[PDB]
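Trainee: Questions regarding the structure given below will be posed in turn.
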Amino acid sequence: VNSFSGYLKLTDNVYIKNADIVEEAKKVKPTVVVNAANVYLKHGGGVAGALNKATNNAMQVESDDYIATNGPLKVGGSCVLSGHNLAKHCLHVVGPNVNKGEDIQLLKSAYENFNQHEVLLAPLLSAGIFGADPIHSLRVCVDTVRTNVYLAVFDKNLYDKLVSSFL
Ligand SMILES: O=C1CCCN1CCSc1ncnc2[nH]cnc12
């Protein structure tokens, strides 16, 4: 038993809810919240910008130190940093950005990072301003992640379409 509430069950291990991931994190305080990161951990907009704003920019400060020490992430890669006031940990995961021409096959590699954590709160990778089809993203998620994932979908219209088109 865990504290996630109001989710529709899609599979044995994947759950989905129309919710603002920032508000959901603040309420559940999950062990892991996933950020839709870029390789530079520049959290300017989309999910990343919202999460960072909710930390009063502490996520960005921590991220800049991480990059100064380690260099950029790989597309399809991840790193674990603090969850600040939102979660114990934040798993920063880089999905391919279609608006940068990045290979959509890297989406599966991106979701594989979730398997290193037993339970996560997450957005759909590569969705939103990353330009991929969220229905495809949900399919790759279901077919790749084996650990327990609670997906937060901000847009009610998108949420309804994702549910209604799910096989
Ligand atoms: O829902 C949507 C519509 C377009 C893309 N997308 C999911 C990524 S954007 C997001 N996802 C979850 N929680 C949030 N809080 C602020 N932004 C978000």
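Residue numbering for the sequence shown follows the deposited numbering, beginning at 3 and increasing consecutively.
Here a beta-carbon is modelled for each residue, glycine too, at the ideal position from N, C-alpha and C.
Below 8 Å, how does it come out for the region 68-80 and the region 9-16: are there three or more Cβ pairs, yes or no?
Mentor: Counting Cβ pairs under 8 Å, fewer than three are found: no touch.
Trainee: Considering only residues of the same chain and omitting the five flanking positions on each side of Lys158, which have a CB-CB separation below 7 Å?
Mentor: Reading the sequence shown from its first residue, position 156 is the one you call residue 158. So the qualifying residues of the chain are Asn20.
Trainee: On the CB-based measure, 16 or more other CB atoms within 10 Å of its CB, does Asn54 come out buried or exposed?
Mentor: The sequence position of residue 54 within the sequence shown is 52, counting from 1. By the 10 Å Cβ count, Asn54 comes out buried.
Trainee: Rounded to whole angstroms, what's the CA-CA distance from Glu120 to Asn101? Just pull it up for me.
Mentor: Reading the sequence shown from its first residue, position 118 is the one you call residue 120. Reading the sequence shown from its first residue, position 99 is the one you call residue 101. Those two C-alpha atoms are separated by around 31 Å.
Trainee: Who are the Cβ neighbours of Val77 in its own chain at under 7 Å, not counting the five residues just before and after it?
Mentor: On the sequence shown, position 75 is the one that residue 77 refers to. Only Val41, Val96, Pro98, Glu104 and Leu108 meet the Cβ criterion.
Trainee: Is the CB-CB distance between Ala50 and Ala39 below 8 Å?
Mentor: Reading the sequence shown from its first residue, position 48 is the one you call residue 50. Reading the sequence shown from its first residue, position 37 is the one you call residue 39. In this structure, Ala39 lies closer than 8 Å to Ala50 by Cβ.
Trainee: Report yes if the CB atom of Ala112 is closer than 8 Å to the CB atom of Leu123, and no otherwise.
Mentor: Mapped onto the sequence shown, residue 112 falls at position 110. Mapped onto the sequence shown, residue 123 falls at position 121. No; because the gap between Cβ atoms is not below 8 Å, this pair is not in contact.
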